[PDB]
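The chain that follows stands alone, in the form deposited without the partner chain, written as structure tokens.
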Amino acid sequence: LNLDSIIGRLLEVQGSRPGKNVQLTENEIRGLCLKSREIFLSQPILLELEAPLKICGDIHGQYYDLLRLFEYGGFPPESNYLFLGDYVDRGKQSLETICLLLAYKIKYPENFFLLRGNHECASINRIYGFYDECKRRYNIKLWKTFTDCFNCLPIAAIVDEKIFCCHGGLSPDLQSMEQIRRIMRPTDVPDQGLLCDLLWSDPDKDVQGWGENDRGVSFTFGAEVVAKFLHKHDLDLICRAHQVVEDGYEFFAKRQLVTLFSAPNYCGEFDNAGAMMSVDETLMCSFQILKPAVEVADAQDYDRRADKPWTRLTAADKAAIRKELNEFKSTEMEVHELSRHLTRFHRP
């Protein structure tokens, strides 16, 4: 792997017009996937990290906002980074986004961490853009190589034994951290249960305990669920993403939970800022945010609106895709022996 060549080419588009592509070869991206996958498997599924550290929420393929985020926070290894998932889909340059992130994971495996979001799974990113991007610029085989890599991402991270991090949120099935640790990879993300909730659930001040999630997936959880969780496991903060928030960061449950969203002007459909959170050695939290026109800075002004081909799917098309997902997951997608029960199949 010519990693430094790969990275330099991904960064060279800094200062170009947002949208311009980085031309990696099929084997270079195949290399990124296979080596990063090996590193993800060598590391815990429940990461145990230490401050200082910067944490980012969703990026969703907004590659040039990711460059601007690093320009603002520091390019690795100038800062340590944890990303909370959702690197692909919805944006137009998921491939450059994930490839840079995976390259930095190979370049700095001890100072750069990527958690699994609900969009790093085959059933979701098949629909919401990524699969289309791989087919267009490369081939279906490469989308399946990414799927193998995504199936090996860690699911959560604890920073200094006090900040619990995941993409979505808590689970009613999450009683012991050991339940996360015992999950075997490669694995799919199930249609319900602990691994589903960890990547899909949301907080809600209106809920006392657990409530209905408007997505039709997983649940919502209330502030008391947050407080009881923190007290039981002697934590101080939950850090998660998954939800657009006005200023890129938003506190919840007496500032015991924070939502981070790093994609400003998300999909060109919200007036939101993107935020990174800095955690220093003394566990102090602070924020830097990219706003469209606590430290502030102006976000890049380009057209983030993207085509939403899933809205055009016919019932016949949906059926065909479910058949494709089922065949792929049944005959090709590698799944650890102890995790086949988690493989999310679809109704015929």
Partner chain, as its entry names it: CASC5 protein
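In this text, rigid core is short for the largest set of C-alphas that superpose within 1.5 Å between two forms. Residue numbers count along the first chain shown, from 1.
Which stretch is less alike in 6 other deposited structures of this protein, 158-166 or 260-268, counting RMS CA distance after the rigid core is superposed? Between 158-166 and 260-268, the one lying farther away in 6 other deposited structures of this protein is 260-268.
May I ask which stretch, 211-219 or 235-243, sits farther from the shown form in 6 other deposited structures of this protein once every structure is superposed on the core, judging by RMS CA distance? It is 211-219 that deviates more in 6 other deposited structures of this protein.
Gap size between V294 and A293, counted in deposited residues that the entry leaves unmodelled: In the record, 10 or more residues between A293 and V294 lack coordinates.
Tell me which of 323-331 and 13-21 has the higher mean C-alpha B-factor in the deposited entry. Taking the mean C-alpha B-factor of 323-331 and of 13-21, the larger value falls to 323-331.
Mean CA temperature factor from the deposited coordinates, higher in 105-113 or in 242-250? Between 242-250 and 105-113, it is 242-250.
Name the residue from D58, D307, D65, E48 with the greatest C-alpha temperature factor listed in the entry. Out of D58, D307, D65, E48, the record gives the largest C-alpha B-factor to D307.
Which of these, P154, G209, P264, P77, has its C-alpha atom at the highest B-factor, as the entry lists it? That would be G209.
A315 by Cα B-factor - lowest, middle or highest third of the modelled chain: For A315, whose C-alpha B-factor we compare with every modelled residue in the chain, the answer is the highest third.
CA B-factor placement of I183, once the chain's modelled residues are sorted into thirds: Bottom third by C-alpha B-factor.
Using the B-factors in the PDB entry, rank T147's C-alpha atom against the chain and give the third, lowest, middle or highest. Within its chain, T147 is a lowest-third residue by C-alpha B-factor, going by the deposited values.
Position of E26 among the chain's modelled residues by C-alpha B-factor, lowest, middle or highest third: Top third by C-alpha B-factor.
Mind checking which third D160 falls in for C-alpha B-factor across the chain? As the PDB entry reports it, the C-alpha B-factor of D160 lands in the highest third of its chain.
Although it is not shown, the form solved in complex with the partner chain is what the next lines describe.
Would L115 count as a contact of the partner chain in the deposited bound form, using a 4.5 angstroms cut-off between non-hydrogen atoms? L115 lies outside the contact set for the partner chain.
Answer for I163 alone: is it within 4.5 Å of the partner chain in the deposited bound form, judged on heavy atom distances? So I163 counts as contacting the partner chain.
Non-hydrogen atom contact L237 with the partner chain in the deposited bound form at 4.5 angstroms: Because a heavy atom of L237 falls inside 4.5 Å of the partner chain in the deposited bound form, the answer is yes.
Taking the partner chain as it sits in the deposited bound form, is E110 in contact with it (heavy atom to heavy atom, 4.5 Å or less)? Judged by the heavy-atom cut-off of 4.5 Å, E110 is in contact with the partner chain in the deposited bound form.
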